[PDB]
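Here we start with a single chain on its own, the form deposited without this ligand, put down as structure tokens.
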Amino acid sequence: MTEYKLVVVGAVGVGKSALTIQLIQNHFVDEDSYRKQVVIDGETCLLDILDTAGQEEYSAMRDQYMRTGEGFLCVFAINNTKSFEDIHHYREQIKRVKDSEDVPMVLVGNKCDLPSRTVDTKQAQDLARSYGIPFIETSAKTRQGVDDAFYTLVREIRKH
């Protein structure tokens, strides 16, 4: 069966783990596996997910995730301007590690339910257009965009 190796990247505190947990969970709660079997567009496939949380600062290991990953969920938080510009650094590093300008990626604006917004939707849409990638706003807390983000990344890998 087809496997999709997905890597979740982004600055410390942008909600990488919360997003991943929200995708993987099979029931609501107010232990699980990051190899999740799903059916996408009629075909049974495996999502093989790697979260960089805990190793964002660890250069040698960041590069190891980038080597193995087939597609990248590039997560920033909409109330953290530094995390948004960090996407540029992650994208440039992915290009260099993989020696390619055409790596599957999706830009994810997380915590979209919070009122303290410092990155405008327009800025993020424009950046995604320049990068040639989809942009999705997400919130694990309000269950918005999470399925769409991961589904869209799989579609980007399939198109490559």
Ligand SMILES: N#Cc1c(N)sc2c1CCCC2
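The first residue of the shown sequence is 1; numbering continues from there.
Peer 1: Between residue 30 and residue 31, count the deposited residues left without coordinates and pick a bin: none, 1 to 3, 4 to 9, 10 or more.
Peer 2: In the deposited sequence, 4 to 9 residues between these two have no coordinates.
Peer 1: With respect to the recorded C-alpha B factors, which stretch has the higher mean value, 94-102 or 38-46?
Peer 2: Result of the comparison: 38-46.
Peer 1: Using only the C-alpha B-factors in the record, can you name which of 68, 26, 55, 130 has the highest?
Peer 2: Across 68, 26, 55, 130, the entry lists the biggest C-alpha B-factor for 26.
Peer 1: Within this chain's modelled residues, let me know which third the CA B factor of residue 123 belongs to: lowest, middle or highest.
Peer 2: Its C-alpha B-factor belongs to the highest third of this chain's values.
Peer 1: Which third, lowest, middle or highest, does the CA B-factor of residue 116 fall in along this chain?
Peer 2: CA B-factor rank for residue 116: highest third.
Peer 1: Please place residue 1 in the lowest, middle or highest third of its chain according to the CA B-factor in the PDB entry.
Peer 2: Its C-alpha B-factor belongs to the highest third of this chain's values.
Peer 1: Grab the CA temperature factor for residue 16 from the record and place it in the lowest, middle or highest third of its chain.
Peer 2: Answer is lowest: the recorded C-alpha B-factor places it there.
Keep in mind that the form solved in complex with this ligand is not shown, yet the notes after this line are about it.
Peer 1: Quick one: this ligand borrowed from its pose in the bound PDB entry and superimposed here by the pocket C-alphas, is it open or blocked (3 or more atoms within 2.4 Å of backbone/C-beta)?
Peer 2: Site status: blocked.
Peer 1: Would residue 66 show up as a contact with this ligand in the bound PDB entry if we use heavy atoms at 4.5 Å?
Peer 2: Yes, residue 66 lies within 4.5 Å of this ligand in the bound PDB entry.
Peer 1: Under a 4.5 Å heavy atom criterion, is residue 127 part of the interface with this ligand in the bound PDB entry?
Peer 2: Heavy-atom contact with this ligand at 4.5 Å: absent for residue 127.
Peer 1: Does any heavy atom of residue 43 come within 4.5 Å of a heavy atom of this ligand in the bound PDB entry?
Peer 2: Looking in the bound PDB entry, residue contacts with this ligand do not include residue 43, since no heavy atom lies within 4.5 Å.
Peer 1: Applying a 4.5 Å heavy atom distance criterion, does residue 57 contact this ligand in the bound PDB entry?
Peer 2: Yes, residue 57 lies within 4.5 Å of this ligand in the bound PDB entry.
Peer 1: Can you confirm whether 9, 90 and 94, the three residues that make up this candidate site, all sit within 4.5 Å of this ligand in the bound PDB entry, judged by heavy atoms?
Peer 2: Each of the three qualifies.
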